[PDB]
């Protein structure tokens, strides 16, 4: 009588501490390479921003009218998204995006600013809603008539709620100094913003910029988070895009940037721009910037783990 062990005709080569390409009876892959080219969103309230840029949901250009108070567990940004209609840009834009991606959505509330002695219906053909309109959550404050002086004014808002208020305002830079005097009256213009933890001043800078959407002017969007029971005060004499509503964060969510369709029939927790990584393997070689609950990215395309004894064929 003889003792022995099994073997196979064609084994699988693996690596060990002492040897490369040792044949074992069986092995299994530890590095995931197969991608699902969809955003697997089964079970998750998903918001596909499409042409709405994430920051636009706070200010409300036309393409974001449908997203002014969205609620979501998963937020998808698209390459065609735009935050603006009137050309312009947010200061510290990426910080605000990271805040909104994990917000779970936003809840808007009127801040209660009232005006007298000025026009409040500033509009543009770049923010079209069946004609010239503006950002739905803002008000373009101008003088009552051309070149009239914009009165020095102070507007304050107290966050009476229990979570921080996202406050956004804008600085308008007209294409020329001559244009700035028409809209707000002549001279230097200044807007100061202060809270219990914030202080910053702003002066508009009229001048030519390349034409974007027909305009060589721009609007700068600025923001701060106002703590419960804290107050924000705006002191301005022109060139100020005032906030009409504040935003409040709903809860928790995650945001991704993708170029692929939504699939409510697959479920996943690890996303990248090319789709979803669905895997029980501890490592992946698909995308080093994947986000969610992911296998650890590794540079190797394959790492075979032995699941059987050494293969010794006859």
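Positions refer to the first chain, counted from 1.
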- The stretch whose C-alpha atoms carry the larger average B-factor in the entry, 204-212 or 133-141, is 204-212
- Query: Between 120-128 and 183-191, which has the higher average C-alpha B-factor in the PDB entry?
  - Reply: 183-191
- Return the residue from 153, 168, 76, 99 that has the highest Cα B-factor in the entry. 153
- Task: Determine which member of 106, 95, 84, 178 has the highest CA B-factor, using the values in the deposited entry.
- Result: 178
- Within this chain, which third does the Cα B-factor at residue 9 fall in: lowest, middle or highest? highest
- Task: Would you check the entry's CA temperature factor for residue 306 and let me know if it's in the chain's lowest, middle or highest third?
- Result: middle
- Item | residue 22 by Cα B-factor - lowest, middle or highest third of the modelled chain | highest
- Assert third(CA B-factor, residue 230) within chain per record equals highest
- By the entry's values, the third containing the CA B factor of residue 80 is the lowest
